[PDB]
Amino acid sequence: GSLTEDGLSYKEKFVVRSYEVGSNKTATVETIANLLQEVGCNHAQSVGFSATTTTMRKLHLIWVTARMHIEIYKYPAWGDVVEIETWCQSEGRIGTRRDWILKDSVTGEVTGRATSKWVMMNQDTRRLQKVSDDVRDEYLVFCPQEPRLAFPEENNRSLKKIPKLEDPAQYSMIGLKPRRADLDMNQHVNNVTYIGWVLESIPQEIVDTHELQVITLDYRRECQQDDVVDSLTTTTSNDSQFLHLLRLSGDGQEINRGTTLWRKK
Amino acid sequence: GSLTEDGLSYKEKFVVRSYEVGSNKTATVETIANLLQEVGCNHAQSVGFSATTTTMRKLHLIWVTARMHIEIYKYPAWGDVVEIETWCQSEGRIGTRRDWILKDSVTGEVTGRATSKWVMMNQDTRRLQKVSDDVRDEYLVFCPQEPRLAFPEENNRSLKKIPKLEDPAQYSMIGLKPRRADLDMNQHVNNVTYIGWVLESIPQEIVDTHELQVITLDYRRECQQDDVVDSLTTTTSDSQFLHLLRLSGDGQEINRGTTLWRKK
Ligand SMILES: Cn1cc(N)c(C(=O)NC2CCC2)n1
Ligand SMILES: Cn1cc(N)c(C(=O)NC2CCC2)n1
């Protein structure tokens, strides 16, 4: 991969691997989620990062995902090359936004797009805070000045308020635990695991006859290595829509909430 | 990736990804296991396959892993390029063997090696079958004639008989279930999940102070999508462990193995 000519975005090509595909022989949404994560890491490394700035490590501050939104028009097949372009943008003192565009390397058409909202948090106390002026200027040089939105639309699906699932849920997957493969280099559960865990409550019949089009996920609390999750789902709707909820098995503390949209094959 | 000049092996370079590494910022043994699996698929595709031969698809026959053995000297770091060379060989009518050599793309040194024993099963009845001729000949053109062994040594770790763990186990991880990410394109639990599941019973204190050097795993039975596994471990000794994966209910054995760890 490499930065574009202006140095205000990064591109990377990935060949889809055999273990990265599902039953339809196309990449899973978790493979896509992993690829977006990977290109974001390479973008951060290519501009002198490790993505904590000078003032962030001084104050023990980290970026945390608050929301992920992914829309896929076509899933790349096993053996195909997918090109992903990623960039970041300041959202004032609220946090940062990271966008992605997925393309077929052969045709050059947009086969998917994603958007994420990141908030600043103290690594130790876990307390959210607004972006300071000294920190905002440190990352502003790596961002476009004019708005560059992967989801421009005057009423897009990425900004909708997600309601909380009411008990009883229509479908559920109980007793979900993360293994060492689910943890990142800092021993925290990878953000992509929550996506997989959310989808565990969707019935296998829907997965066999439908393709996942859109997924919106709100990250409320992190699941520890020794925590147990419960995935809950209810159909709300040629298109099926679901409301989702991930919570701790014990106290029932909410850790994630979201919605998915599926279309008939 | 591509086949070598003689067409009797395949090579491929992989850049280690950020989500593929552990706390030491080096690739996990499951990332390595995934890479070996991937290079084996590309090798099979590059020589005209869909590794099912002509006779095999007519008879509803598949290759299944009976044994996996991996030895790592150095784990590639996040950002490093690892080159893997893989090849197949016949072992008479008992089955097939697949070997791998892992190398650092910069220095060219051997940083790891693996060997696997594959047996021929009937997809539907799940019944083991010996490798008859005709199907033996159909694939012997893609294999070296003289023995090419990643583990040559007479009396090496890859050929040792693994005993069955006795109850009670010293360490255990219970209630393990596969998710959709753990399944392959045919909806079967990926062989690499069993490796991860085996390692779930190793205490986090050993993982934090030791590096995994060798792992030998015997595949006895497949775990279904709706099955629940129990991972059991006992220290037998460098630290050495005896492992056992079994179904939560009936306690049916699905996998057994051993791991060797060195102090950091
Ligand atoms: C720690 N980190 C770096 C990233 N680039 C991501 C990231 O984009 N995560 C989302 C969740 C679906 C992919 N997370
Ligand atoms: C379906 N398939 C093709 C392969 N080449 C492998 C394979 O080598 N798997 C082993 C166990 C983890 C490494 N499995």
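Naming convention: chains lettered A, B, ... in sequence-line order (proteins, then strands); numbering from 1 in each chain. Whatever order the structure lists ligands and atoms in, that order sets their numbers, starting from 1.
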>> What I want to check is whether the side chains of A/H244 and A/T233 have a donor and an acceptor closer together than 3.5 Å.
In response: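 Yes, A/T233 and A/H244 have a side-chain donor paired with an acceptor closer than 3.5 Å.
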
> When you look at CG of B/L159, are more than 12 heavy atoms from neighbouring residues, nucleotides or ligands closer to it than 6.0 Å?
Replying inline: yes

> Is A/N34 reaching over with its side chain to a backbone N or O of A/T31, donor-acceptor style, under 3.5 angstrom?
Replying inline: no

> With sequence neighbours excluded, what pairs up with B/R180 under the side-chain hydrogen bond (donor to acceptor under 3.5 Å, both in side chains) test?
Replying inline: A/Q204

> Among all residues two or more places apart in sequence or in another chain, which pass the side-chain hydrogen bond (donor to acceptor under 3.5 Å, both in side chains) test with A/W118?
Replying inline: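 For A/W118 the side-chain hydrogen bond (donor to acceptor under 3.5 Å, both in side chains) partners, ignoring immediate neighbours, are A/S116.
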
> Is there any salt bridge (charged side-chain N to carboxylate O under 4.0 Å, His left out) pair reaching into residues 24-51 of chain B, and which pairs are they, with sequence neighbours excluded?
Replying inline: A/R179-B/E30

What are the atom names and distances for all N or O pairs under 3.5 Å between ligand 1 and the protein?
unit_1, atom_1, unit_2, atom_2, d
ligand 1, 5 (N), A/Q37, O, 3.0

